[PDB]
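Engineer: Submitted below is the structure of interest, expressed as structure tokens.
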Amino acid sequence: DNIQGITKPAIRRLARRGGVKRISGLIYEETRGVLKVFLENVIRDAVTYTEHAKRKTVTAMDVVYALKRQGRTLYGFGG
Amino acid sequence: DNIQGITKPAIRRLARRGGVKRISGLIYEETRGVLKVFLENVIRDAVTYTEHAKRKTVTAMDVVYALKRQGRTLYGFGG
Amino acid sequence: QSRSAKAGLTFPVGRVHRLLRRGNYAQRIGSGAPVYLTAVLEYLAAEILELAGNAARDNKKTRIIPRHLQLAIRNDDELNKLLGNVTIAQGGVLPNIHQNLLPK
Amino acid sequence: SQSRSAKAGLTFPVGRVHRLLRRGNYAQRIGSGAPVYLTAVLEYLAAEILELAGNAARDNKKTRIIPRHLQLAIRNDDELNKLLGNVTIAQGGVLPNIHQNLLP
Amino acid sequence: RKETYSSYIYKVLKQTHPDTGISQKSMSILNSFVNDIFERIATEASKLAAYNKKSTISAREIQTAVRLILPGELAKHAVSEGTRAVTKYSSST
Amino acid sequence: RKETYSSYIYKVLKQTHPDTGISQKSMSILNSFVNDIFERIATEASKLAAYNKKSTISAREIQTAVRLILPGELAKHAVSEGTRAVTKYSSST
Amino acid sequence: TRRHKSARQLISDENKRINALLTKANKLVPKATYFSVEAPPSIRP
Amino acid sequence: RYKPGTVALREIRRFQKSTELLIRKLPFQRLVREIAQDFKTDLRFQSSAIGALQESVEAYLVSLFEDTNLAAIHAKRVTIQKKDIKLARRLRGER
DNA sequence: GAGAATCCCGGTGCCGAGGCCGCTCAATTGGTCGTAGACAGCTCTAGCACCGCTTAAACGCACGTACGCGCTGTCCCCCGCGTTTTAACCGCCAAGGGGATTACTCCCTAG
DNA sequence: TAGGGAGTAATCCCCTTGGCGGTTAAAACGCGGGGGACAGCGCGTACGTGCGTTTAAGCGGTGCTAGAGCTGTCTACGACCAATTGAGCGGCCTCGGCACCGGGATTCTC
């Protein structure tokens, strides 16, 4: 129930926002896996960024500059 | 006759370095178009670089920055 | 009288000049660079503003919403591959349906 | 008297990278541990690449270092390929790979 | 203490579309956009001047930057606009 | 006085593979690779210095940038060797 | 009204006062200060 | 004699086994000049710049042949087609 | 032709959008000067043209078979919907953690 | 050497964390079923394979000279310090456009 916070209607909605029509009944686990690796990359970079700043909470500024390092830059939450 | 000045068995040689067994007959001219737009996008930047260099000769530095900037950096010729 | 009014613009050429001075990009910076940069930024801001406006008029709203300028930057090709690697806030995706997904 | 490279036990220069950091306008103030840290990192990276290149050159049973051996060492290693997954190589070639079904 | 570009895009919005209104999230996304464009142009000019064997920044490095990083039609439009602005500024001597 | 790293990587190749030679194209590969790593690490350290209102680059910023650039086993070995070199240099008494 | 004067700089101004007095006396011998009371390092490994 | 498919494996091994250039130099130099004179006329070019262009298009084309062959196996086929090339170009990102 | 299910239209509650004001710290004006840049002058590396010659390769063409592509039956596995379970959302007061800012000595680094 | 950015302690107070509990829309389970995956099949056509003819790819020879590169001199541009004033940021306040909401027109669907 740890990874099970995200669920079948959530990734059904996400696949529907991908414009797909028919999904498979066990595409569940590899989507959960790529979910996990994307978050652990992003918050590993955010944790290093906030570690060097002596800031032991993770701020929004750190994660948007983590994405801008990663080449997936976000607009609206600072920059 | 310079757009197909590079030839079709040379395209086969580059393809069979690339590990494809059978190739179509209709892929030569589209690979020529891909090649043409690739060198267009390269020497546009290279000719802007040599235009700002107050030079008429395109050197190795201008072309090597031109592919450095597009995320295709190349070693050895940058000396 | 400010230098922006001397050159006939509404953007702070002294502020952009100090922002490029204390950024250690160079040790000596000429004076044509801030007026040129503030002119380019004025033109680009005016351009994205008018695409936001004409994306706002057809969507029966007199307020600009990030969705409307999302369609403005997804509908014009030049701004599309000018800003292809960026992602924007709660604007979603422009609608498109591929034809074999369309039945009958 | 004597150089700082032997003081820190390195073969790469320290004053050279201190100079290259100085007028490279990264910042207007540079600490003393910065060139020795950069020097040690460059030491380790060059030593690792030279180790793998020498192993590939010996693996070819040929007494010089040819860029085919550099390509073999770069792509055979896992995280060296991850670090260098962007850079194209000069006169290196392509690692031999055939997909499984093409074998009859 | 916080720094932004509010009133200038406000008066540009009023002089261009005088019956439109801006949300604060919109205020933020074009502030992010203008800071990104500033950072891109300035780092291009810095790399160009540093690796062009020169010590200063002038109009030539930045006109190469606006000719080079962004697509050509609005690039030459911005080049024409900025040359008009710099001739206006040099005329008022 | 065109400046290059040829002698230094000649010796650190010579302390482990004595009967081996380098080609000139390969010589250029190692030179360009060293310069590229230097440029990447230094611009990340400068970006991280400009992160924290800090006008000085020290060893801590470069350690954080090394931990950001490299993959993990290379990162831990690089910070181990660099820390040993820094402690060698600092205790010069 | 006094400054805070935390414990790290009390040692600093104390030994700077001691050094000033000793340099005045050189141009004498301490008996019992805060730094002579401190235990020496051990001689066994 | 050989069955059709064994000598193809032999030459694909020979082409992956070597490191020589596979594009004729003079048509490439002519192509570079004719594709550069529209931007700027009466230009001069460096030989190692032509070599850099050579190795760049060689690396780009062989990587393009990897992922278009991956598109070929993905559609349960052997021969590549034009839609495989368009799929590889779209999934790479560019247009 | 039934049956939802979006789109339209009128009414209403509401909260950020825009306008206004106090005032600070930053833009501008002004003069000094070391010096980077313009700019003419000059050496000579190297890029362009090209005459002709061997031939590998490019081009062309015939033969045929693995293979692209249309057809098809069949297992089945997701789709759609109803019910039930569950936790997400929301109001919201509260303790205090921990940056933000401030003050200030000093080692640290430019010159 | 010497100026100053950084180290460091204090201290204000913003925001984040916990947690009642109540709701209710959203998730979970299940079950009929039908449009699609997928294995098999077969026409044929497009491209592998091999051989003869053709072309200008590669060499290399060298002359001409364009301009890349370097040097000295002049100078005009930009850092640098100082005085100073209003542009522009923090904060406060009225209100209107869009969020919400409900009745009913209306238009895909089977």
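Order determines the names: the first chain of the structure tokens is A, the second B, and so forth; residues in each chain are numbered 1 upward, and ligands are numbered 1 upward as they are shown.
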Give me, as a compact mmCIF listing (two decimals) with N, CA, C and O atoms, in the first residue's frame, the residues of chain B touching chain H, with the criterion being at most 8 Å (counting only C-alpha atoms).

Structural biologist:
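Writing the result to selection.txt gives the following:
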# COMPACT_ATOMS: atom_id res chain seq x y z
N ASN B 2 23.75 17.30 -57.81
CA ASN B 2 24.57 17.29 -56.62
C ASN B 2 23.83 16.83 -55.37
O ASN B 2 24.48 16.39 -54.41
N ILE B 3 22.50 16.90 -55.36
CA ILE B 3 21.72 16.43 -54.22
C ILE B 3 21.81 14.91 -54.08
O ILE B 3 21.99 14.40 -52.97
N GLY B 5 24.37 13.52 -55.48
CA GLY B 5 25.79 13.32 -55.71
C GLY B 5 26.40 12.27 -54.81
O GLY B 5 27.23 11.47 -55.25
N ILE B 6 26.00 12.25 -53.54
CA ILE B 6 26.24 11.06 -52.73
C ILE B 6 25.27 9.96 -53.15
O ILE B 6 24.15 10.22 -53.59
N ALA B 10 26.54 3.78 -51.26
CA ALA B 10 27.13 4.38 -50.06
C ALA B 10 26.11 4.45 -48.93
O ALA B 10 26.45 4.25 -47.76
N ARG B 13 26.00 1.09 -47.55
CA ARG B 13 27.15 0.85 -46.68
C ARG B 13 26.95 1.47 -45.30
O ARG B 13 27.27 0.84 -44.28
N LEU B 14 26.42 2.69 -45.26
CA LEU B 14 26.12 3.33 -43.98
C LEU B 14 24.98 2.62 -43.25
O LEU B 14 24.97 2.58 -42.02
N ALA B 15 24.04 2.04 -43.99
CA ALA B 15 22.95 1.29 -43.38
C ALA B 15 23.42 -0.04 -42.82
O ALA B 15 22.94 -0.48 -41.77
N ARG B 16 24.35 -0.69 -43.50
CA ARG B 16 24.87 -1.97 -43.04
C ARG B 16 26.05 -1.81 -42.11
O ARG B 16 26.60 -2.81 -41.65
N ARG B 17 26.47 -0.58 -41.82
CA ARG B 17 27.13 -0.36 -40.54
C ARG B 17 26.11 -0.28 -39.42
O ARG B 17 26.38 -0.71 -38.30
N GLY B 18 24.92 0.25 -39.72
CA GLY B 18 23.81 0.44 -38.81
C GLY B 18 22.98 -0.79 -38.53
O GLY B 18 22.02 -0.72 -37.77
N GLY B 19 23.30 -1.92 -39.16
CA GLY B 19 22.72 -3.18 -38.74
C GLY B 19 21.32 -3.47 -39.22
O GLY B 19 20.57 -4.16 -38.52
N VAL B 20 20.95 -3.01 -40.41
CA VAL B 20 19.65 -3.31 -41.00
C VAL B 20 19.86 -4.23 -42.20
O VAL B 20 20.71 -3.97 -43.06
N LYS B 21 19.10 -5.33 -42.23
CA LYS B 21 19.28 -6.37 -43.24
C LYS B 21 18.72 -5.97 -44.60
O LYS B 21 19.46 -5.88 -45.58
N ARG B 22 17.41 -5.74 -44.68
CA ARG B 22 16.76 -5.38 -45.93
C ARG B 22 16.34 -3.92 -45.86
O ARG B 22 15.84 -3.45 -44.84
N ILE B 23 16.58 -3.20 -46.95
CA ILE B 23 16.20 -1.79 -47.07
C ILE B 23 15.26 -1.65 -48.26
O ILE B 23 15.28 -2.48 -49.17
N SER B 24 14.40 -0.64 -48.22
CA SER B 24 13.46 -0.45 -49.31
C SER B 24 14.12 0.25 -50.49
O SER B 24 15.32 0.55 -50.48
N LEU B 26 12.50 3.08 -51.60
CA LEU B 26 11.96 4.42 -51.45
C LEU B 26 12.54 5.15 -50.26
O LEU B 26 12.00 6.18 -49.84
N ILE B 27 13.64 4.65 -49.68
CA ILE B 27 14.24 5.30 -48.53
C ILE B 27 15.46 6.16 -48.89
O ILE B 27 15.95 6.90 -48.02
N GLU B 30 14.51 10.09 -49.13
CA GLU B 30 14.16 10.69 -47.85
C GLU B 30 15.36 10.76 -46.92
O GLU B 30 15.47 11.71 -46.14
N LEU B 35 19.55 14.23 -44.65
CA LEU B 35 20.94 14.65 -44.71
C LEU B 35 21.04 16.12 -45.10
O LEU B 35 21.81 16.89 -44.50
N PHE B 38 19.96 18.33 -42.30
CA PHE B 38 20.95 18.28 -41.23
C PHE B 38 22.13 19.20 -41.50
O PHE B 38 22.49 20.03 -40.65
N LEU B 39 22.74 19.09 -42.69
CA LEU B 39 23.79 20.06 -43.02
C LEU B 39 23.27 21.48 -43.16
O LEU B 39 24.04 22.40 -42.88
N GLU B 40 22.01 21.70 -43.53
CA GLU B 40 21.47 23.06 -43.53
C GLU B 40 21.47 23.65 -42.12
O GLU B 40 21.99 24.75 -41.89
N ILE B 43 25.41 24.24 -41.13
CA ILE B 43 26.20 25.35 -41.68
C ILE B 43 25.48 26.68 -41.65
O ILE B 43 26.12 27.69 -41.92
N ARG B 44 24.20 26.72 -41.27
CA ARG B 44 23.60 28.02 -40.94
C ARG B 44 24.29 28.63 -39.72
O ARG B 44 24.74 29.78 -39.75
N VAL B 47 27.97 29.39 -40.64
CA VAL B 47 28.19 30.59 -41.44
C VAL B 47 27.88 31.85 -40.64
O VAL B 47 28.49 32.89 -40.88
N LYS B 56 36.35 34.87 -44.15
CA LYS B 56 35.71 34.19 -45.26
C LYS B 56 35.92 32.68 -45.22
O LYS B 56 35.11 31.94 -45.77
N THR B 57 36.97 32.21 -44.55
CA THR B 57 37.24 30.79 -44.43
C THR B 57 36.51 30.21 -43.23
O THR B 57 36.67 30.70 -42.11
N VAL B 58 35.71 29.18 -43.47
CA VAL B 58 35.06 28.43 -42.40
C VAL B 58 36.12 27.49 -41.84
O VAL B 58 36.67 26.67 -42.57
N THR B 59 36.44 27.64 -40.56
CA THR B 59 37.46 26.80 -39.93
C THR B 59 36.80 25.64 -39.18
O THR B 59 35.58 25.47 -39.20
N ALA B 60 37.62 24.83 -38.51
CA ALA B 60 37.10 23.73 -37.71
C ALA B 60 36.42 24.20 -36.44
O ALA B 60 35.54 23.51 -35.91
N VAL B 63 32.47 25.15 -37.08
CA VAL B 63 31.63 23.97 -37.24
C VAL B 63 31.58 23.17 -35.94
O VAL B 63 30.51 22.68 -35.56
N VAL B 64 32.70 23.09 -35.20
CA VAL B 64 32.67 22.31 -33.96
C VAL B 64 31.83 22.99 -32.87
O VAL B 64 31.15 22.30 -32.11
N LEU B 74 31.49 16.87 -30.58
CA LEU B 74 32.37 15.97 -31.30
C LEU B 74 33.80 16.19 -30.83
O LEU B 74 34.26 17.33 -30.73
N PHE B 77 38.53 16.96 -33.19
CA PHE B 77 38.73 18.02 -34.16
C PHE B 77 38.69 19.39 -33.50
O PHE B 77 38.84 20.40 -34.19

Engineer: Please identify all residues of chain I having at least one atom at most 9 Å from any atom of chain D, considering only C-alpha atoms (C1' of nucleotides), and return them as a PyMOL selection string.

Structural biologist: chain I and resi 108-110

Engineer: Mind writing the picked residues with C-alpha atoms (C1' of nucleotides) as a compact mmCIF listing (two decimals), in the first residue's frame?

Structural biologist:
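Output file result39.txt is given in full below:
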# COMPACT_ATOMS: atom_id res chain seq x y z
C1' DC I 108 40.65 35.07 3.39
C1' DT I 109 41.72 36.33 -1.07
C1' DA I 110 42.60 40.17 -4.82

Engineer: Quick one: pick out all strand (DSSP E or B) residues within chain F from a backbone DSSP run and write them as a list in words.

Structural biologist: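 Reading the DSSP output for chain F, strand (DSSP E or B) covers residues 21, 22, 56 and 57 of chain F.
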
Engineer: Chain F superposed on chain E over all ordered C-alpha pairs, least squares: can you write that as a short mmCIF file (atom, residue, chain, number, x, y, z; two decimals) with N, CA and C atoms, in the first residue's frame?

Structural biologist:
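Wrote it out as selection20.cif, contents follow:
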data_model
loop_
_atom_site.label_atom_id
_atom_site.label_comp_id
_atom_site.auth_asym_id
_atom_site.auth_seq_id
_atom_site.Cartn_x
_atom_site.Cartn_y
_atom_site.Cartn_z
N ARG F 1 12.68 44.36 -1.16
CA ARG F 1 12.46 44.84 -2.52
C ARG F 1 12.59 43.72 -3.55
N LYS F 2 11.70 42.73 -3.49
CA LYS F 2 11.66 41.64 -4.45
C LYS F 2 11.27 42.20 -5.81
N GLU F 3 12.08 41.90 -6.82
CA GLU F 3 12.11 42.63 -8.07
C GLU F 3 11.49 41.79 -9.18
N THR F 4 10.56 42.37 -9.94
CA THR F 4 9.87 41.65 -11.00
C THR F 4 9.41 42.61 -12.09
N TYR F 5 9.09 42.03 -13.25
CA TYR F 5 8.81 42.80 -14.45
C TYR F 5 7.34 43.14 -14.63
N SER F 6 6.55 43.24 -13.56
CA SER F 6 5.09 43.23 -13.67
C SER F 6 4.55 44.49 -14.33
N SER F 7 5.11 45.64 -13.96
CA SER F 7 4.55 46.90 -14.42
C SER F 7 4.75 47.10 -15.91
N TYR F 8 5.92 46.70 -16.42
CA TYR F 8 6.29 46.98 -17.80
C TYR F 8 5.43 46.20 -18.78
N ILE F 9 5.27 44.89 -18.53
CA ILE F 9 4.37 44.13 -19.38
C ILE F 9 2.91 44.43 -19.11
N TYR F 10 2.58 44.99 -17.94
CA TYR F 10 1.25 45.57 -17.76
C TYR F 10 1.00 46.72 -18.73
N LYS F 11 1.98 47.64 -18.90
CA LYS F 11 1.69 48.72 -19.85
C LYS F 11 1.74 48.26 -21.30
N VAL F 12 2.65 47.35 -21.67
CA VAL F 12 2.68 47.05 -23.11
C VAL F 12 1.52 46.13 -23.48
N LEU F 13 0.92 45.44 -22.50
CA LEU F 13 -0.40 44.87 -22.73
C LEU F 13 -1.46 45.97 -22.82
N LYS F 14 -1.31 47.04 -22.04
CA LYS F 14 -2.34 48.08 -22.02
C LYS F 14 -2.35 48.97 -23.26
N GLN F 15 -1.29 49.01 -24.06
CA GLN F 15 -1.35 49.82 -25.27
C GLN F 15 -2.01 49.12 -26.44
N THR F 16 -2.39 47.85 -26.30
CA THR F 16 -3.07 47.14 -27.37
C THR F 16 -4.35 46.44 -26.95
N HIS F 17 -4.50 46.06 -25.69
CA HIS F 17 -5.72 45.42 -25.19
C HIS F 17 -6.09 46.12 -23.89
N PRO F 18 -6.86 47.20 -23.97
CA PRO F 18 -7.12 47.99 -22.75
C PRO F 18 -8.04 47.30 -21.75
N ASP F 19 -9.08 46.63 -22.22
CA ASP F 19 -10.04 45.98 -21.33
C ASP F 19 -9.70 44.49 -21.16
N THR F 20 -8.49 44.23 -20.68
CA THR F 20 -8.04 42.86 -20.44
C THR F 20 -7.19 42.83 -19.18
N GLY F 21 -7.35 41.76 -18.39
CA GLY F 21 -6.58 41.60 -17.17
C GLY F 21 -5.69 40.37 -17.17
N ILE F 22 -4.71 40.32 -16.27
CA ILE F 22 -3.78 39.20 -16.19
C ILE F 22 -4.00 38.47 -14.88
N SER F 23 -4.00 37.14 -14.94
CA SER F 23 -3.96 36.32 -13.74
C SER F 23 -2.55 36.27 -13.18
N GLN F 24 -2.45 35.88 -11.91
CA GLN F 24 -1.16 35.86 -11.22
C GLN F 24 -0.28 34.70 -11.67
N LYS F 25 -0.89 33.56 -11.98
CA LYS F 25 -0.12 32.46 -12.54
C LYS F 25 0.41 32.83 -13.92
N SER F 26 -0.44 33.46 -14.74
CA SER F 26 0.00 33.99 -16.03
C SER F 26 1.07 35.06 -15.87
N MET F 27 0.92 35.91 -14.85
CA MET F 27 1.90 36.94 -14.52
C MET F 27 3.27 36.31 -14.30
N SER F 28 3.28 35.20 -13.56
CA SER F 28 4.50 34.43 -13.35
C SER F 28 5.02 33.79 -14.64
N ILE F 29 4.13 33.34 -15.54
CA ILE F 29 4.56 32.80 -16.84
C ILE F 29 5.38 33.83 -17.61
N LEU F 30 4.85 35.06 -17.74
CA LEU F 30 5.62 36.07 -18.48
C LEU F 30 6.90 36.47 -17.77
N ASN F 31 6.89 36.50 -16.43
CA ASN F 31 8.12 36.82 -15.70
C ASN F 31 9.21 35.77 -15.92
N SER F 32 8.84 34.49 -15.82
CA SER F 32 9.80 33.41 -16.00
C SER F 32 10.27 33.32 -17.45
N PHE F 33 9.38 33.62 -18.40
CA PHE F 33 9.75 33.59 -19.81
C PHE F 33 10.76 34.68 -20.14
N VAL F 34 10.55 35.89 -19.61
CA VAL F 34 11.48 36.99 -19.84
C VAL F 34 12.84 36.67 -19.22
N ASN F 35 12.84 36.11 -18.00
CA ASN F 35 14.11 35.78 -17.35
C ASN F 35 14.84 34.65 -18.08
N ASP F 36 14.10 33.69 -18.64
CA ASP F 36 14.73 32.59 -19.35
C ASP F 36 15.36 33.08 -20.65
N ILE F 37 14.65 33.95 -21.39
CA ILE F 37 15.19 34.51 -22.63
C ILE F 37 16.43 35.34 -22.35
N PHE F 38 16.39 36.15 -21.27
CA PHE F 38 17.53 36.96 -20.85
C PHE F 38 18.73 36.06 -20.55
N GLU F 39 18.51 34.97 -19.81
CA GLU F 39 19.61 34.09 -19.43
C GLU F 39 20.21 33.41 -20.66
N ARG F 40 19.36 32.93 -21.58
CA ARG F 40 19.85 32.23 -22.76
C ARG F 40 20.65 33.15 -23.67
N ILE F 41 20.12 34.34 -23.95
CA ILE F 41 20.78 35.28 -24.85
C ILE F 41 22.08 35.79 -24.23
N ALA F 42 22.08 36.05 -22.92
CA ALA F 42 23.27 36.59 -22.28
C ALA F 42 24.38 35.55 -22.18
N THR F 43 24.04 34.28 -21.91
CA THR F 43 25.10 33.28 -21.86
C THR F 43 25.61 32.96 -23.26
N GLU F 44 24.77 33.07 -24.30
CA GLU F 44 25.30 32.90 -25.65
C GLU F 44 26.19 34.06 -26.06
N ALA F 45 25.86 35.28 -25.64
CA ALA F 45 26.71 36.42 -25.93
C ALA F 45 28.03 36.33 -25.19
N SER F 46 28.02 35.83 -23.96
CA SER F 46 29.27 35.66 -23.22
C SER F 46 30.15 34.58 -23.83
N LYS F 47 29.52 33.48 -24.29
CA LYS F 47 30.25 32.42 -24.98
C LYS F 47 30.88 32.96 -26.27
N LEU F 48 30.13 33.77 -27.02
CA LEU F 48 30.67 34.35 -28.24
C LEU F 48 31.70 35.44 -27.97
N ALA F 49 31.66 36.07 -26.80
CA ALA F 49 32.72 37.00 -26.43
C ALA F 49 34.00 36.25 -26.08
N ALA F 50 33.87 35.13 -25.38
CA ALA F 50 35.01 34.29 -25.07
C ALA F 50 35.52 33.52 -26.28
N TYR F 51 34.74 33.48 -27.36
CA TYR F 51 35.19 32.90 -28.63
C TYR F 51 36.42 33.59 -29.20
N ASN F 52 36.42 34.92 -29.21
CA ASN F 52 37.31 35.69 -30.08
C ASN F 52 38.39 36.45 -29.32
N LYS F 53 38.85 35.93 -28.18
CA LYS F 53 39.85 36.56 -27.30
C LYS F 53 39.42 37.95 -26.83
N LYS F 54 38.11 38.18 -26.75
CA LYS F 54 37.57 39.51 -26.53
C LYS F 54 37.03 39.59 -25.11
N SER F 55 37.43 40.63 -24.39
CA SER F 55 37.02 40.80 -23.01
C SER F 55 35.81 41.70 -22.85
N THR F 56 35.22 42.18 -23.94
CA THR F 56 34.12 43.14 -23.90
C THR F 56 32.92 42.58 -24.66
N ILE F 57 31.73 42.74 -24.08
CA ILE F 57 30.48 42.42 -24.75
C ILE F 57 29.89 43.72 -25.28
N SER F 58 29.62 43.77 -26.57
CA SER F 58 29.03 44.93 -27.22
C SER F 58 27.77 44.51 -27.96
N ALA F 59 27.23 45.42 -28.77
CA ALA F 59 25.97 45.15 -29.45
C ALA F 59 26.10 44.14 -30.57
N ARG F 60 27.30 43.98 -31.14
CA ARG F 60 27.48 43.07 -32.26
C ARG F 60 27.38 41.61 -31.81
N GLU F 61 27.93 41.31 -30.63
CA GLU F 61 27.84 39.96 -30.09
C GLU F 61 26.40 39.59 -29.76
N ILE F 62 25.63 40.53 -29.21
CA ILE F 62 24.24 40.26 -28.90
C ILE F 62 23.40 40.15 -30.17
N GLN F 63 23.75 40.90 -31.22
CA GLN F 63 23.07 40.73 -32.50
C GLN F 63 23.34 39.35 -33.09
N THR F 64 24.58 38.88 -33.01
CA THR F 64 24.90 37.53 -33.48
C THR F 64 24.21 36.46 -32.63
N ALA F 65 24.12 36.68 -31.32
CA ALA F 65 23.44 35.72 -30.46
C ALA F 65 21.94 35.70 -30.69
N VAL F 66 21.34 36.85 -31.00
CA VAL F 66 19.93 36.90 -31.35
C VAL F 66 19.68 36.17 -32.66
N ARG F 67 20.58 36.35 -33.63
CA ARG F 67 20.49 35.60 -34.88
C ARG F 67 20.73 34.11 -34.69
N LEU F 68 21.44 33.71 -33.64
CA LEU F 68 21.63 32.30 -33.35
C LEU F 68 20.45 31.68 -32.60
N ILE F 69 19.84 32.41 -31.67
CA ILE F 69 18.82 31.81 -30.80
C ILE F 69 17.49 31.69 -31.53
N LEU F 70 16.99 32.79 -32.06
CA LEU F 70 15.63 32.89 -32.54
C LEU F 70 15.46 32.19 -33.89
N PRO F 71 14.25 31.73 -34.20
CA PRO F 71 13.94 31.35 -35.58
C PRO F 71 13.87 32.58 -36.48
N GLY F 72 13.80 32.31 -37.79
CA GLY F 72 14.25 33.28 -38.78
C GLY F 72 13.42 34.55 -38.87
N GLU F 73 12.09 34.43 -38.85
CA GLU F 73 11.27 35.62 -39.00
C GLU F 73 11.30 36.45 -37.72
N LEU F 74 11.26 35.77 -36.57
CA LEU F 74 11.51 36.42 -35.29
C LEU F 74 12.89 37.05 -35.24
N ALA F 75 13.89 36.39 -35.83
CA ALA F 75 15.25 36.92 -35.81
C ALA F 75 15.36 38.20 -36.63
N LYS F 76 14.79 38.21 -37.84
CA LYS F 76 14.92 39.40 -38.67
C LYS F 76 14.10 40.56 -38.12
N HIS F 77 12.94 40.26 -37.51
CA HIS F 77 12.17 41.34 -36.91
C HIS F 77 12.84 41.86 -35.64
N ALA F 78 13.47 40.98 -34.87
CA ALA F 78 14.15 41.39 -33.65
C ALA F 78 15.37 42.26 -33.95
N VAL F 79 16.18 41.86 -34.94
CA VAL F 79 17.32 42.71 -35.28
C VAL F 79 16.89 44.01 -35.95
N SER F 80 15.74 44.02 -36.65
CA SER F 80 15.25 45.28 -37.20
C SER F 80 14.83 46.25 -36.10
N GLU F 81 14.07 45.75 -35.11
CA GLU F 81 13.60 46.62 -34.04
C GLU F 81 14.75 47.05 -33.14
N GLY F 82 15.69 46.14 -32.86
CA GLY F 82 16.83 46.49 -32.04
C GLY F 82 17.76 47.49 -32.70
N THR F 83 17.94 47.36 -34.02
CA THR F 83 18.75 48.33 -34.75
C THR F 83 18.09 49.70 -34.76
N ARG F 84 16.76 49.74 -34.89
CA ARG F 84 16.05 51.02 -34.82
C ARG F 84 16.18 51.65 -33.43
N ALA F 85 16.12 50.82 -32.38
CA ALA F 85 16.27 51.35 -31.02
C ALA F 85 17.68 51.85 -30.76
N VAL F 86 18.69 51.15 -31.28
CA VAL F 86 20.08 51.56 -31.10
C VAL F 86 20.35 52.87 -31.84
N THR F 87 19.85 52.99 -33.07
CA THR F 87 20.02 54.24 -33.80
C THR F 87 19.22 55.39 -33.20
N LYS F 88 18.10 55.10 -32.53
CA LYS F 88 17.39 56.13 -31.79
C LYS F 88 18.24 56.59 -30.60
N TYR F 89 18.83 55.65 -29.88
CA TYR F 89 19.57 55.99 -28.66
C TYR F 89 20.88 56.69 -28.97
N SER F 90 21.57 56.27 -30.03
CA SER F 90 22.89 56.81 -30.34
C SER F 90 22.82 58.24 -30.85
N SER F 91 21.79 58.56 -31.62
CA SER F 91 21.62 59.92 -32.15
C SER F 91 20.77 60.76 -31.19
N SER F 92 21.26 60.86 -29.96
CA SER F 92 20.62 61.68 -28.94
C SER F 92 21.23 63.08 -28.93
N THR F 93 21.13 63.74 -30.08
CA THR F 93 21.71 65.06 -30.27
C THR F 93 20.73 65.99 -30.98
#

Engineer: For residue 9 in chain C, please output as a PyMOL selection string all residues within 9 Å (counting only C-alpha atoms (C1' of nucleotides); exclusion window: fewer than 4 positions along the same chain).

Structural biologist: (chain C and resi 3-5+13+38-39+42) or (chain E and resi 85)
